[PDB]
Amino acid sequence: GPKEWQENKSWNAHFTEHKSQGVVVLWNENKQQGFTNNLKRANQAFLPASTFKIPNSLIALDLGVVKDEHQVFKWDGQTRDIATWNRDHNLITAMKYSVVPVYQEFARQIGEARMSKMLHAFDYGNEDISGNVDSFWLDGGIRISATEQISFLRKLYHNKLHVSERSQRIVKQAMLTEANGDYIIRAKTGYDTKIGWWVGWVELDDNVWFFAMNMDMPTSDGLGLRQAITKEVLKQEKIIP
């Protein structure tokens, strides 16, 4: 019988091109088949870093910590290194600019008990929030693999997570990254100072391709490689032109 998961090591060329190493995992929804350049790493667990703003957003919305995507979270007045963080934000722009202090406030409002209960209900990674309530996704005990990111994202796409359909629709709106006549990308980046992530999906007219990639990332100088390498794989597989 056909294989649910297939390894394609030719994608390693896209990583070694940049003296890098990592994994891309693709899932073809229509075919119910997955593809990766590294089966082992596809299933190894890493800190989610800023990809955690997907579940964090869902929980904050479902609990009413965030009322809607227009509610303004005012800048606290502390000038931070990332200039786009030094202003007021809403859910859309806080996702787009990956505004850590806004999401730390969400996590504090959610609190440990409800955060843990929600991650258990989401079957999210190892479901472990050990560490600080407002930083465990960057320096605490939670871990998730690329294949587990895909599992979670497929549930979100199909409105199957254990939060309201409304919360799921709002977060999918906030994940919008790129759209044109050929495809729509909904995704989220992350970086934990050692590993970079890009997770999300590509919507086509008659199919959707889920993706989760992580790569060794010793400095922020190479962060654009997260999208660049993933797009080289998508182009090789004829998913985008």
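Between two forms, the rigid core is the largest collection of C-alphas that superpose within 1.5 Å. Just count from 1 along the sequence shown to find any residue number.
Rigid core fits of the other structures in 5 other deposited structures of this protein place the C-alpha atoms of one stretch farther away on average; of 209 to 217 and 182 to 190, that stretch is 182 to 190. After superposing on the rigid core, the larger RMS C-alpha deviation in 5 other deposited structures of this protein belongs to 191 to 199, the other candidate being whichever of 191 to 199 and 30 to 38 remains. Legend: mean Cα B-factor per stretch from the PDB entry, 68 to 76 versus 140 to 148; the higher mean is in 68 to 76. The mean C-alpha temperature factor is higher for 22 to 30 when 22 to 30 and 49 to 57 are set side by side. The PDB entry assigns the greatest CA B-factor among 82, 171, 153, 100 to 82.
Ranked against the other modelled residues of its chain, the C-alpha B-factor of residue 96 as given in the entry falls in the lowest third. The deposited CA B-factor of residue 43 belongs to the lowest third of values across its chain.
In this PDB entry, residue 166 carries a Cα temperature factor that places it within the lowest third of its chain's modelled residues. Among the modelled residues of its chain, residue 37 has a C-alpha B-factor that falls in the middle third, as given in the PDB entry. In the PDB entry, residue 205 places in the highest third of its chain by CA B-factor.
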